[PDB]
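Residue numbers (the authors' numbering), protein chains in the order written: chain H, 220 to 329; chain E, 2 to 93; chain C, 2 to 56, 63 to 212, 220 to 245, 254 to 291, 298 to 621, 623 to 649, 653 to 1116.
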DNA sequence: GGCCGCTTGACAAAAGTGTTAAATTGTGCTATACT
DNA sequence: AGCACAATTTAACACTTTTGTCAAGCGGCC
């Protein structure tokens, strides 16, 4: 997606600094595979923050990958690459062909 | 070649010092004042095209011929480079 | 006119010539074949190689399906989309409990196919690929170039498919094993082979000098992993991916005939495989009976020509590799949400990575569609440059003796050019047959009706080249043989037997490429000389004329159909053609109308057409010609009467002379097209739209040939005109101060869109054929996001013929048109017909000798006698053959004169007084015979239309062949001033009106300063180019008044000081006073 | 007396301040699975 | 793969007011 393995380490391990801190020692679950998540969530919250783009919040990466999975969803269920407007129905309200084209217009890594 | 170019080398001790004089003169032979040429009589360089006889807009050629009339002078002379404007001033 | 000069024409040339392409999508692409059978090779090949992706949860691969492509032909060469057909196989993940979830053929993705034409269509550019070459797998050892010590260099299955195995023998630790990148004793690893002592020594064989490395199994694995990489074995022979000589040939069939009996396919599987037979054939090699130390030696018997079939099979695999990796990640996360064999597989990795190969990969060069012969030379071009390590032009360690000739008559010796010699050649006509999939295989006749194909390695009872035959048993007595290198006089088994195992070349065309055999008298020139001429047939720019060269081998009979330049005729006949732009049908089977290409379009700006030739009904089986052809006869250039002689100097060095006769008949004329494209961006700030009311552009030149925006079709337009006047609200420059005055003074107001249009480029004086509006709102057009209205117009233009251009026939004599004197002058023959073209020697005749003049002598001969002789390469057509022909031509020529009312001219009599003493013509009877023999080896007296008196001396005249290269003059010239500019680069480059450009080579400045030029030299960097703030000074000065230019202020220097300032380095303009430390950069 | 020039009044068109509506971050935090 | 709350912050648009331009009227000069 974005940032090398070395880079991903930063935002990743850093997620422990704030994870291990807010640990509910109460429940009888014992800390283990928990921060395993406080890292990836920090990664997704990072890969969206840092990338070869300009400014992609949590309202664009989630949409790009959504329009991506959809473009690959209809593709695996059609036989040909779906256009821009033919993807509107795949989404829902507000998503037509213009705004849907504005999402793949900005960037994601190009 | 140039009409009597070889004769230009004989005078100047160097082939490079000649060029400088050619332009240095052309700078104050046509641009400064078209009326500063020693060659005015029938020796005045002129062209002959379909129209008639007129003076070539190029002055670089005049220098080669102007530095052959025996007149003019070159070399380290007159330190004040701002005095050239004074002499040119009298020539309007 | 059929003067066949070919003897014994046995088996025809290997058809359809374009078999490399067929055997590429028929051997690999097992699509149009029931999955029930078929081995691997291709899809099902790399498809199965993909081991059952682990994680039960195991996705299995089965079956496949191709065909029914989205957009058919033409719909791609017009919209840009390629001919990518959808391919998908049936998958089904499986896991412990009931997990037989089989998807519906699992719709995967697309995949570009091949057309019967033998090419591909990528981005409407229809490009073609070129198969590469490399030393096939196996152990060749390779003789040590440095010091005497034959080492080993085992070749991997493929350059990008395995760690290069090697075995060198030096001092410290003799016989060191090294693969990919390793430095460890052969013994240390030999142990892992299960053999450490007693079984490896004495049983098979400085060897076990390191007994401490051959004791424990595990230890060997630990010690090895410590020597390689920083402070792995899973590959190198193990599993199928790094080392695996699959397929069943090349890599497989090697050691079986080299090392020894026994082979599994891949080395060290840890059971040894090639680590034993190597030292076995090595120790026995050094000072042993079984030599065979024969290195690669550029031996084609080892050179593998991996066709497109396997060329894609690997890339496809590499792409499918990620898919398997992606599935794994999909199996590590989630379980019930979304995990089905259709979601875990995306049509992006195995697609995008598979498409970028045809659009960008060198080999996929822009299909040179200059002419039929050019497109066919690609499938046979072949090269060694590419993804392999045999690339790198100019240099590359040691390739001096890698591009040089070789003992392989299966490949020509005059196809390359310069920058890349040996790397770019071509395939033979009688090459590439049978199971070409592995190694090349030529043809060999047994003197009896039969042709065998025992590969190139053939060496059975030597052989003989087609030379002097006599009913199976040539009474030559000295059968010209040629075994291996030299040719030991002869052999002649002296028996009625078949032949010397394969002593027969069948045809002399087997040597040279099918492109060289086309050449008329290909046997009187040098390699280099014939080289250039051979390349001229790649850019001979087709012509509607195509008179077809007098002398032409009977090989072009297939260059018109195989290249599919023209059309064909199926079954019966009965055309009843309506002609026009749509050939009728035939009473053979049904009613099918054959639509012409309608001038179509070229990738080199040529545009080929195809005029028919029939009416009422006829059949045999040509039907309508093509680009540059005539009656199934390949006609590239044009043949015209020429005369060798100097004329005032209008042909110095190696120039060419032309008459006005050619232009009067538009003999030499071509067509050049160019596609335009104006996209209407949407920068949000202001969307662009095409209108016919451009601001400030309010004029007639618009409304007259524009209207509604796009220009009307069939409207002749010249450079400096509008074509796609788009309007953009893009406001970059607001109104200027004193500019607001000249805007209010007139009757007009302001603006908010600016002119901003296309504006014809520096060269376009023709007419439009048709436009094409491709704006959004149409899901059938894959365009760039945010783009609307993609105008696309086609502008044509007649070429005619000015001055310059390259002629270059089919031998090497290339030149340039100097001056075209209108009829009047030029050598006037003693019966009219003024010399149309004059070809004076100098350049190649004396120096790089050749054989083109042998065409002239037989040119006028075929003119009078009315025939077009055929001269096959290395067969027929010789000096004495011209004698018999000249006789008939003379009596026929002089015949008219002698019977017209005259005979022998005074001016035609003095010329004899020349040859007489000149030793040319023998003295004896009247001028009648003296003028006869003078015609056999020469021409008539000939005169001069300019001067007045005839050229004192026997001058030659006759029709040969005058072609025309793609390189002309119009589109090869440029001129500019201060108009050009390329901000950021600080140099003249780019422009929406003029794309001017000019470079001042480094080897040029030194010469300029060599003279007394110091102000002229600096000037090149004073006002122009560099000093941007200075570029004005001069141009602004001259326009206003005289004055002398600025002292100079470099622009790039300021950028250099800045770029170099990125670091500590402080480029200070230290003044001569030192202490002041001058600095010029403070915005002045 | 008539004509020309200058000044003032009216009308039309486009800003500073206000008002409100839409987006990001953090954090919270969520949450689920594995050890 | 991500939704909310809140909170807070960012962005823009619209109003009423003001400013500018045009036409009409009045005064002065010829």
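Built from N, CA and C at the ideal position, the CB exists for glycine as well.
**Prompt:** Since residue 32(E) meets chain C, which of its residues come closer than 9 angstroms, beta carbon to beta carbon?
**Reply:** 1073, 1074, 1075 and 1076
**Prompt:** Given that a residue counts as buried once 16 or more other Cβ atoms are within 10 Å of its Cβ, and exposed if not, what is residue 395(C)?
**Reply:** buried
**Prompt:** Can you name, in chain order, every residue of its own chain whose Cβ lies under 7 angstroms from the Cβ of residue 718(C), other than the five neighbours on each side?
**Reply:** 760, 761, 762 and 763
**Prompt:** What number of angstroms, rounded off, separates the C-alpha of residue 154(C) from the C-alpha of residue 321(C)?
**Reply:** 16 angstroms
**Asked** Checking contacts by CB at 9 angstroms: is residue 374(C) closer than that to chain H?
**Response** yes
**Message:** Which residue wins for smallest C-alpha separation from residue 1032(C), given the options 1040(C), 1026(C) and 1025(C)?
**Reply:** 1040(C)
**Request:** Determine, using beta carbons only, whether residue 92(C) and residue 115(C) come nearer to each other than 9 angstroms.
**Result:** no
**Coil, strand or helix - residue 661(C) by DSSP** = strand
**Asked** What does DSSP give as the partner residues of residue 456(C) in its beta bridges?
**Response** 541(C)
**Request:** Specify, as a first and last residue, the run of the alpha helix (DSSP H) that residue 801(C) falls within.
**Result:** Looking at the DSSP string, residue 801(C) is not in any alpha helix (DSSP H); the run it does join, the beta strand (DSSP E), is 800–802.
**Request:** May I ask you to list the residues that DSSP assigns as paired with residue 101(C)?
**Result:** 65(C)
**residue 238(H): first and last residue of the uninterrupted beta strand (DSSP E) it sits in** = That residue, residue 238(H), is in no beta strand (DSSP E); its alpha helix (DSSP H) goes 224–238.
**Message:** Need the endpoints of the beta strand (DSSP E) that residue 848(C) sits in, please.
**Reply:** First-last for residue 848(C): undefined, no H or E at that position.
**Asked** Ends of the alpha helix (DSSP H) at residue 737(C)?
**Response** 732–737
**Request:** Please name the residue in 203(C), 972(C), 497(C) and 958(C) whose C-alpha comes closest to that of residue 926(C).
**Result:** 972(C)
**Item:** Same chain only: Cβ atoms within 7 angstroms of residue 935(C), ignoring 5 sequence neighbours per side
**Value:** 929
**Message:** Strictly below 7 angstroms CB to CB, what residues from chain C border residue 29(E)?
**Reply:** Result: empty, since nearest Cβ-Cβ is about 11 angstroms, beyond 7 angstroms.
**Prompt:** How would you label residue 459(C), buried or exposed, when you count the other beta carbons within 10 angstroms and need 16 or more for buried?
**Reply:** buried
**Item:** 9 angstroms Cβ cut-off: residues of chain E touching residue 295(C)
**Value:** Looking at chain C, the numbering goes 291 and then 298, which leaves residue 295(C) without any coordinates in this model.
**Message:** Could you compute how far the alpha carbon of residue 1048(C) sits from the alpha carbon of residue 1081(C)?
**Reply:** 15 angstroms
**Message:** Excluding the 5 residues flanking residue 547(C) on each side, which residues of the same chain have their C-beta closer than 6 angstroms to its C-beta?
**Reply:** 842
**Request:** Give a yes or no on whether the minimum CB-CB distance between residue 811(C) and chain H is below 9 angstroms.
**Result:** yes
**Message:** Residues of chain C with CB closer than 7 angstroms to the CB of residue 16(E), please, in chain order.
**Reply:** 1044
**Asked** What's the call for residue 593(C), buried or exposed, on a 16-neighbour Cβ count within 10 Å?
**Response** buried
**Prompt:** Does the beta carbon of residue 814(C) come closer than 9 angstroms to any beta carbon on chain H?
**Reply:** yes
**Asked** Would you say residue 113(C) faces chain H, with C-beta separation under 9 angstroms as the test?
**Response** yes
**Request:** Under 6 angstroms Cβ to Cβ from residue 790(C), same chain only, skipping five residues before and after it: list those, please.
**Result:** 710, 755 and 756
**Message:** Please identify, using Cβ separations under 9 angstroms, the residues of the stretch 297–311 of chain H that lie next to chain C, in order along the chain.
**Reply:** 297, 298, 299, 300, 301, 302, 303, 304 and 305
**Prompt:** Applying a beta-carbon distance threshold of less than 7 angstroms, which residues of chain C neighbour residue 20(E)?
**Reply:** 1044
**Span of the alpha helix (DSSP H), counted from its first residue to its last, around residue 968(C)** = 959–968
**Whole-angstrom C-beta distance between residue 661(C) and residue 588(C), which should lie under 8 angstroms** = 5 angstroms
**Message:** Buried or exposed for residue 207(C), going by 16 or more other Cβ atoms inside 10 Å?
**Reply:** buried
**Request:** Can you give me the Cβ contacts of residue 278(H) inside the same chain, cut-off strictly under 8 angstroms, excluding the 5 residues immediately before and after it?
**Result:** none
**Message:** Strictly by DSSP, which residues pair up with residue 675(C)?
**Reply:** 870(C) and 989(C)
**First through last residue of the beta strand (DSSP E) which encompasses residue 229(C)** = That residue, residue 229(C), is in no beta strand (DSSP E); it is neither H nor E in DSSP.
**Asked** Of all the CB atoms in chain C, is at least one closer than 9 angstroms to the CB of residue 227(H)?
**Response** no
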